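Heads up: the sequence lines are chains A and B, in that order.
Residue numbering for the first sequence is -9 to 524, as defined by my numbering.
Residue numbering for the second sequence is 138 to 185, as defined by my numbering.
Where is the CB? At the ideal position from N, CA and C, for every residue including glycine.
Here is the structure we will look at.
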Amino acid sequence: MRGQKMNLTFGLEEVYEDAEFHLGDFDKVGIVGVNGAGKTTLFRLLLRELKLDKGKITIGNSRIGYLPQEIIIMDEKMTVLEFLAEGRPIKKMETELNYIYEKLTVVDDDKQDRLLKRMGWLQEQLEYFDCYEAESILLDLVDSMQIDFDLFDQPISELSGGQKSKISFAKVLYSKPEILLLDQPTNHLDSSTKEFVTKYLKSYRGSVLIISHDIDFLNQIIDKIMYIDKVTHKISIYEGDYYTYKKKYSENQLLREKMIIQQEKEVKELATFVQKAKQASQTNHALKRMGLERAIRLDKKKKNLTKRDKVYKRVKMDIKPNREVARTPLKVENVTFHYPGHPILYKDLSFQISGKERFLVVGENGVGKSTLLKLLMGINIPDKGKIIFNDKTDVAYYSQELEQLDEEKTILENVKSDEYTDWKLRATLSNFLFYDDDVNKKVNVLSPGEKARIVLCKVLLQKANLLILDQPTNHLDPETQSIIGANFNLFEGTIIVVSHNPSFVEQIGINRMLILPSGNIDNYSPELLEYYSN
Amino acid sequence: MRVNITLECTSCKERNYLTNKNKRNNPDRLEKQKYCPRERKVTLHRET
RNA sequence: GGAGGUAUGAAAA
RNA sequence: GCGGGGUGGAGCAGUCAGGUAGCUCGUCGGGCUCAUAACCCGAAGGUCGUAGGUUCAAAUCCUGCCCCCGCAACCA
RNA sequence: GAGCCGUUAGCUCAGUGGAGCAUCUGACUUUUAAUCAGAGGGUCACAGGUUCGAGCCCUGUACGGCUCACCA
RNA sequence: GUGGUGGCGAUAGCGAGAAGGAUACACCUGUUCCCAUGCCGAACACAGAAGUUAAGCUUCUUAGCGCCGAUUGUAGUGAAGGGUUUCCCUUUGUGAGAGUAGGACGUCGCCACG
RNA sequence: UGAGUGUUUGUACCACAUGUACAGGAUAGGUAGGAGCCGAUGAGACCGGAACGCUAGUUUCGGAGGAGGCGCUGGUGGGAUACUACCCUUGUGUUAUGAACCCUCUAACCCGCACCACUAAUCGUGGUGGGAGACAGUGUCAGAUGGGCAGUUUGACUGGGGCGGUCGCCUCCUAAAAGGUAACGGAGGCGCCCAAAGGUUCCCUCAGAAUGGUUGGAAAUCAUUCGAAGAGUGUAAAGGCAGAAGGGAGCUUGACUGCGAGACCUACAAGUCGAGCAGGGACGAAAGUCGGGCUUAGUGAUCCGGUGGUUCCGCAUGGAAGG
RNA sequence: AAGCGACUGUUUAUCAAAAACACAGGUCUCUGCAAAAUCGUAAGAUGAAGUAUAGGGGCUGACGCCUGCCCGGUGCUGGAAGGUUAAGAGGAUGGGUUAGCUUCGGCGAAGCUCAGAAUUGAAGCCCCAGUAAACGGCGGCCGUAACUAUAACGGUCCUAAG
RNA sequence: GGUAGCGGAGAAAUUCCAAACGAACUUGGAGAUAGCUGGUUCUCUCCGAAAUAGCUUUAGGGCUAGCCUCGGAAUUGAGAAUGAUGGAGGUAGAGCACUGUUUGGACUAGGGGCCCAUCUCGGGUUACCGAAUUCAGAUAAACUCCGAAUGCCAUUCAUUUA
RNA sequence: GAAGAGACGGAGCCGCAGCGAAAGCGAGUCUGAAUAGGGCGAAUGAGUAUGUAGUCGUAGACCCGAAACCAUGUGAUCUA
RNA sequence: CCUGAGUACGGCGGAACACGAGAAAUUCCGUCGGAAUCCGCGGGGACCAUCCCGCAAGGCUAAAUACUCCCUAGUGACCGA
RNA sequence: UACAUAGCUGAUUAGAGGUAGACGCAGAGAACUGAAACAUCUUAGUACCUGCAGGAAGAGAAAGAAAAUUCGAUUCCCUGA
Ligand SMILES: Nc1ncnc2c1ncn2[C@@H]1O[C@H](COP(=O)(O)OP(=O)(O)OP(=O)(O)O)[C@@H](O)[C@H]1O
Ligand SMILES: Nc1ncnc2c1ncn2[C@@H]1O[C@H](COP(=O)(O)OP(=O)(O)OP(=O)(O)O)[C@@H](O)[C@H]1O
Ligand SMILES: [K+]
Ligand SMILES: [K+]
Ligand SMILES: [K+]
Ligand SMILES: [K+]
Ligand SMILES: [K+]
Ligand SMILES: [K+]
Ligand SMILES: [K+]
Ligand SMILES: [K+]
Ligand SMILES: [K+]
Ligand SMILES: [K+]
Ligand SMILES: [K+]
Ligand SMILES: [K+]
Ligand SMILES: [K+]
Ligand SMILES: [K+]
Ligand SMILES: [K+]
Ligand SMILES: [K+]
Ligand SMILES: [K+]
Ligand SMILES: [K+]
Ligand SMILES: [K+]
Ligand SMILES: [K+]
Ligand SMILES: [K+]
Ligand SMILES: [K+]
Ligand SMILES: [K+]
Ligand SMILES: [K+]
Ligand SMILES: [K+]
Ligand SMILES: [K+]
Ligand SMILES: [K+]
Ligand SMILES: [K+]
Ligand SMILES: [K+]
Ligand SMILES: [K+]
Ligand SMILES: [K+]
Ligand SMILES: [K+]
Ligand SMILES: [Mg+2]
Ligand SMILES: [Mg+2]
Ligand SMILES: [Mg+2]
Ligand SMILES: [Mg+2]
Ligand SMILES: [Mg+2]
Ligand SMILES: [Mg+2]
Ligand SMILES: [Mg+2]
Ligand SMILES: [Mg+2]
Ligand SMILES: [Mg+2]
Ligand SMILES: [Mg+2]
Ligand SMILES: [Mg+2]
Ligand SMILES: [Mg+2]
Ligand SMILES: [Mg+2]
Ligand SMILES: [Mg+2]
Ligand SMILES: [Mg+2]
Ligand SMILES: [Mg+2]
Ligand SMILES: [Mg+2]
Ligand SMILES: [Mg+2]
Ligand SMILES: [Mg+2]
Ligand SMILES: [Mg+2]
Ligand SMILES: [Mg+2]
Ligand SMILES: [Mg+2]
Ligand SMILES: [Mg+2]
Ligand SMILES: [Mg+2]
Ligand SMILES: [Mg+2]
Ligand SMILES: [Mg+2]
Ligand SMILES: [Mg+2]
Ligand SMILES: [Mg+2]
Ligand SMILES: [Mg+2]
Ligand SMILES: [Mg+2]
Ligand SMILES: [Mg+2]
Ligand SMILES: [Zn+2]
């Protein structure tokens, strides 16, 4: 994999500017960058989906296994087995091959040569992707991540975010690829599932490029780290792990900063003398002469004076509730719920939040965490029981799968509210790193991370006193995650949160944790680990 | 930001016309119906 | 029991 | 004519690189003290010199203007 | 020699239709000092002119302080 | 006489006032129709003829405004000269602006209906 | 410029070992051959040791014993069983080794070290020791440093020169009613902008004032009247524009291609205008208008280089390189 | 009696004899000997037929009292991890040609040939520390005393230090 | 006797190196180059400038054009002067119709004082300052409702001329 | 061949066809889709060899004149 | 069987070819690497294929050409102190 | 140092130096100047210095010129230009 003089500019905002990179074979490269840096765009260039405006991007002829950052569900009714089966081209070729036989009967002596060649390749190609896979895939689920066979016959759209990630990851492995391009392979996975993915990637003999915002996950796998810069629009490749990249990078910006400082001092020195000559008496001929001579050096200095790159601005969040929390914000009493045709997730579930409380809904993948939160908002109507919100409680919902954005509309149109004027919307969008005409961009072209900021911005603009957040740190760059956690910690309201990120929950400072599926309203503590172990 | 651009005939890929556009006002590649002297007929010309 | 070494607050009444 | 500056009472950031007006001392009020100082707790104090442009948005960018500081205003 | 700068209460300073300090008087104190309060003290250096009207503008005279001040 | 349509520098205009709709033009009656209002059949478009000269419209009176504007005189100035020569004067030719006498409430055409 | 040692390494043979997904009898690597194969040259079963191991078994070494088993056959599975060939993963070694470093050696090279001979000799050349040593020295190449040294550059205008200002383009006044006309004369602008702020069809007329009217105030929006331009025309000024060039809407891209009679301007290079013809179009019923914008600034010769197109050339010829 | 130079000396032959140079003394620095330094392309020389109490270079200039603060910048000295970095090594890939295949099509081995990425690659530079008898540098604003004045005193900006 | 010029020597002055040393002398490259100054020799005849535009590391140089000279070609004679006619233009002058500058008068919004009464509020005042309007009167290179004399362009025009 | 004229020597040079960058076409050709327009040419013909004169180019180029630069050499009998 | 080896050639750095590295032949020098050999080798202006021409890395070779310090015999629209 | 070589002795052999201020080949090799400045470039491989020469030198018998199909060592002249 090699790229030279890479250039790419969507409209007025550019991604790559004369960027270059060379990746040797059998390198587990960790791709790192802030949201929008252009990490996903790099893969699109490798997959030839995009074309560089200028430059050459070189890819090996080997087959590539691509794990998209977003799940591709062509139709809502697609079953998990259909989704997985689409990983291999067995079905596609057979449909073509079946048609080839039909053409052979219709045509006698005209197209036989073309048909016979096409049939031969399909058979040879079909045998290369040995048709025994029908059994291998069935057992690949068992050995991979303990994916139950009941899910195997269930619509994919109905799976949980963690479950979908397992299916998509298995599909990539099912294709039997030669190069692995994983775009956030552990976005929704729980702690247990991440262990399997880590072990497989350690053992994987081939080259694997990983886009991840999980530093610990990368450090266990990565041997080479590629950093996509958002301000310089360039690519830098280091040898080592995430910390080594940070150490090397921090030193380089320090050494660059000192260079720019000394160039400024010399310019100031000349400038100070030029001014002294400029204001001297016209009768001081020699000083006036020397002043012009230094004016020439000053001009040449100012034309070779390196500009310091503008440090990328970090998100600023100030979430405050309009009204005040009550001692009983939310009352859940004897609530039972089941998805039609499936086992009851919880029976007679009853809990009561206290107000300005950090409430963690713990659990594992596919256990009902997101279902419970959907239950409170009203997306799911409880099969039994009642859910009562105090009239003083305003609720803000952050969905897990980013289902609250209109892909067709722009960023500004999505955030439009009756309670906020235009400049207020722009100011807040600037606090979320959407500057100037970046707000007129369609949501369909944004990255998952940038979309997550829009959803968060929507949550902030509500000024609710109860925050129902379902995996908020997902898709966010590591810097933005810490900002998110710190500001929530200071939030003066009730927080119902779900998070598989250990760092995020620690910053928020959880008070009570609700374990699933075994309903257990418990005080928060390192005993969270005990429930995870058990 | 205003910059000069070239409009190329989508049919024969001939760089036929020279114009300019403001990137901010027209972020997407400009397209016009212009006479293509090589093909001697009006065709869709898109910016490159 | 005994010996040596080990912050400010005026003047006069 | 050449530069440097006009942000709270004073001194200073923030200006380059447009989103949100700050730090220090000081002042007012209440505490502690026999009382003062120190110390502790509250509060106030600027629409950023001024007038127009640019912008969705100006302390910040552009233009002029008014003030204050330093230098210069002539060499054989 | 020339051109400017000024002259306002007892002192130091503001200012075309007075402030500090000082001095008195009160309070507080056994009495004071310090505080706190109140009071008085010229008005514009002197003449002339412009103006409806001059401390403010214009002249002249005094008094002082600034500057600049000749040739190869 | 009215209605179209023009030419000519408003001497054609503006203001004020008077008369008429027989025809014609208009207002005028409606939105079903093609068509339309960044709303409104006000406009545009369409269909029709209940009433009116009220208005526009045409005719007429008026010099109040605007417009046109002679002659005389003067400023200026080409040429030829002079002086006490920043300026001023003389001869010869030309000659305004301003001010005024006065003109002017239009004229020269084609077509349809009377 | 040559010897070894060791270490960490990459390559390549040669030894070995491993192959457990499901089902399947069960630890099934793939392909080819495969009815026969192996064993007194010690088979089966058995005992232990060792390795693997997914813990199920697999592989292997030894102890005894002495002749048997395995395969085809059978069902399973996508794939079938023995054994042979080609090999394929995986992990250990052997060897060839290629590198980097480690020290060590000595015979190259060096000694302004001692002694010996030429020999009168503090040169030199040989000889013997000693020291050093594949280093140094020297050759080629390369990076750095290098006023130690060398060759040079380091504007013009200008009420002398310096300092300050200016240098190209557009507009006005100077400019003396054609045009042109200078000053370090008096004033301002330009180094763009617009995807509509272009074209066309249709439609519309402003600024201010008075009066009345909630928030609302001098002044937001609304209504009548007066109001010939006192507005607007992206952007300086001049000229022009209300038969619009100002403003709104629909459709569009003529902000077209090949040109171009004839003019203006002009030392040249350039600059400016242009009816009209052809091609193929936009708008409009048609007339017709459209080769950007109310007009006049918004720009830079050649050389050199980039990108695209090209029925052009191609150093014997076909290509190619290069043009 | 004052300035300058300690002194005797030296200097612009031919407009300057001096406060200029030199000087003894001081200090810093280089130099372990085939010394450093210098002449020379080299050989060969001086340094020395000397050996750190010696030799070269910089500055200061008898003697007496002293020689303050700053190592941020520039040099020099040290450091060796990192970043940057030439030739050389290395040769993944892409063109040209064409044996041979071809469905005008086009593809295309080997050889030669035109370019060539990764990787390897010292010093230096970046960077860290020291160094001023090394090159050099050594600040502002506001208020404050019971006559007035002034500010022992207090705030505040900046700096490597004021 | 030694040190020789891309050098030597220098108690150091750009000091000396054969009577001139910021780089000795001699010979040669060599007739260096000189957009600079000076000089450039007989006669008569015909004609006869320019000291301007543009560009220029250009300004006392140069190039093209303009002005002079010599030869040639051709013309529906295209040049000059004057007259007649028709034109384009905004100067002198004049004027205030626009835009600046501006004087006085009438009136006054409004502003300033000032009282009563305040709920700054409701008034009554300076002949206090006074917008806008209007009457009268000025002014202009970058003002013009107007507008010459001249000059300029042109005429198959007319006379003279070449 | 007399240091001559002259003879021979037709290789070569200029002219007689231009147009286009070129392939190429040709009184036409180039641009162009064009039998259009336009550019350059033909219609619309004189050149060439030599002499002579004017001017220009390469040469010192009308004559004289630097401070200087560079390369061999000669100078320490003055002076350091 | 023999027909010129550290040669031809290549890299690097220079130089000569009208040709200033340019696409650059050809030739020479320094340094390092480094062939084939008759089915072979070189050139025909990068390079490859075909064709054509030639046979390097050994040597010698007169004439036509350049000049005149000299000696002889002359010549001149060459000088005349 | 044993053989020997090196040294030393003798004989033998052929060199030294000068020119003709010319012509030839080679080593090394400027600057003024031109570019209207100047560094690539030009002056120019010139001037100078040095070595080697001969009456001439140098070159010369194709690993050539070509692509008319051919020519047939080199040198010099005209032309190509
Ligand atoms: N719309 C649905 N239709 C049918 N079944 C559903 C639906 N939503 C969820 N399920 C099932 O509910 C079960 C758990 O629901 P839930 O979405 O809450 O999982 P979860 O707790 O959010 O897990 P995680 O977030 O880690 O992926 C899943 O197995 C899922 O298959
Ligand atoms: N078609 C597009 N049009 C306009 N902008 C685009 C388009 N495609 C990408 N961008 C911009 O490119 C930027 C970077 O691309 P990309 O989506 O790959 O970032 P990312 O690093 O993958 O995001 P994340 O890490 O959060 O998933 C995005 O911010 C996005 O706004
Ligand atoms: K109606
Ligand atoms: K009427
Ligand atoms: K009238
Ligand atoms: K060596
Ligand atoms: K003068
Ligand atoms: K339009
Ligand atoms: K002295
Ligand atoms: K002394
Ligand atoms: K002293
Ligand atoms: K003396
Ligand atoms: K001296
Ligand atoms: K001393
Ligand atoms: K010393
Ligand atoms: K010193
Ligand atoms: K000393
Ligand atoms: K320092
Ligand atoms: K330092
Ligand atoms: K001396
Ligand atoms: K005028
Ligand atoms: K034609
Ligand atoms: K033609
Ligand atoms: K003739
Ligand atoms: K002739
Ligand atoms: K000459
Ligand atoms: K001449
Ligand atoms: K001597
Ligand atoms: K070459
Ligand atoms: K040949
Ligand atoms: K001679
Ligand atoms: K030179
Ligand atoms: K020159
Ligand atoms: K010879
Ligand atoms: Mg992404
Ligand atoms: Mg979920
Ligand atoms: Mg008149
Ligand atoms: Mg120099
Ligand atoms: Mg020179
Ligand atoms: Mg000058
Ligand atoms: Mg001057
Ligand atoms: Mg005139
Ligand atoms: Mg004029
Ligand atoms: Mg317009
Ligand atoms: Mg060819
Ligand atoms: Mg002395
Ligand atoms: Mg003496
Ligand atoms: Mg003397
Ligand atoms: Mg003397
Ligand atoms: Mg001294
Ligand atoms: Mg001196
Ligand atoms: Mg002398
Ligand atoms: Mg010469
Ligand atoms: Mg006048
Ligand atoms: Mg001597
Ligand atoms: Mg050459
Ligand atoms: Mg070589
Ligand atoms: Mg060759
Ligand atoms: Mg060839
Ligand atoms: Mg042959
Ligand atoms: Mg010969
Ligand atoms: Mg005589
Ligand atoms: Mg004589
Ligand atoms: Mg020159
Ligand atoms: Mg001889
Ligand atoms: Zn086309």
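Q: Just the chain B side, please: which residues come within less than 9 angstroms of A:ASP427 by C-beta, in chain order?
A: Stepping through the first sequence from its first residue, residue 427 of chain A is reached at position 437. Per Cβ cutoff of 9 angstroms: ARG161, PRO164.
**Q.** Members of the region -8 to 17 of chain A that neighbour chain B once the beta carbon cut-off is set at 7 angstroms
**A.** Taking 7 angstroms as the Cβ-Cβ cut-off, the region -8 to 17 of chain A approaches chain B at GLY1, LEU2, given in chain order.
Q | Unbroken stretches of the beta strand (DSSP E), 3 residues or longer, contained in the region 225 to 311 of chain A | A | The region 225 to 311 of chain A contains these whole beta strand (DSSP E) runs: 225 to 229.
Q: Can you give me the start and stop residues for the beta strand (DSSP E) that A:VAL433 sits inside?
A: Walking along the first sequence from the start, residue 433 of chain A turns up at place 443. Per DSSP, A:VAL433 is not a residue of any beta strand (DSSP E), being assigned neither H nor E.
Q: Give the secondary structure of A:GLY110 by DSSP, where H, G and I count as helix, E and B as strand, and everything else as coil.
A: Locating residue 110 of chain A in the first sequence gives position 120, counting from the first residue. A:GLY110 sits in a helix when the DSSP states are folded into three classes.
Q: Under the assumption that A:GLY499 contacts B:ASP165 (Cβ atoms under 8 angstroms), give the Cβ distance between them as a whole number of angstroms.
A: The residue you call residue 499 of chain A lines up with position 509 of the first sequence. The residue you call residue 165 of chain B lines up with position 28 of the second sequence. With a contact defined as Cβ atoms closer than 8 angstroms, A:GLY499 and B:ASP165 miss out at about 47 angstroms.
Q: Take A:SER437 as the anchor and find which of A:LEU415, A:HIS465, A:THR411 has the nearest alpha-carbon.
A: Here residue 437 of chain A refers to the residue found at position 447 of the first sequence. When only C-alpha atoms are compared, the closest one is A:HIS465.
Q. Which first and last residues belong to the alpha helix (DSSP H) in which A:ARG416 is found?
A. The sequence position of residue 416 of chain A within the first sequence is 426, counting from 1. Taken as a continuous stretch (DSSP letters only), the alpha helix (DSSP H) holding A:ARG416 covers 412 to 421.
(Q) Tell me the DSSP secondary structure of A:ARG34 in three-state form. (A) Residue 34 of chain A sits at position 44 when you count from the first residue of the first sequence. In the three-state scheme derived from DSSP, where H, G and I count as helix and E and B as strand, A:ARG34 is classed as helix.
Q. Can the beta-carbon of A:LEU40 be found less than 8 angstroms from the beta-carbon of A:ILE49?
A. To locate residue 40 of chain A, count along the first sequence from 1; it is residue 50. To locate residue 49 of chain A, count along the first sequence from 1; it is residue 59. A:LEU40 is not a Cβ neighbour of A:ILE49, given a cutoff of 8 angstroms.
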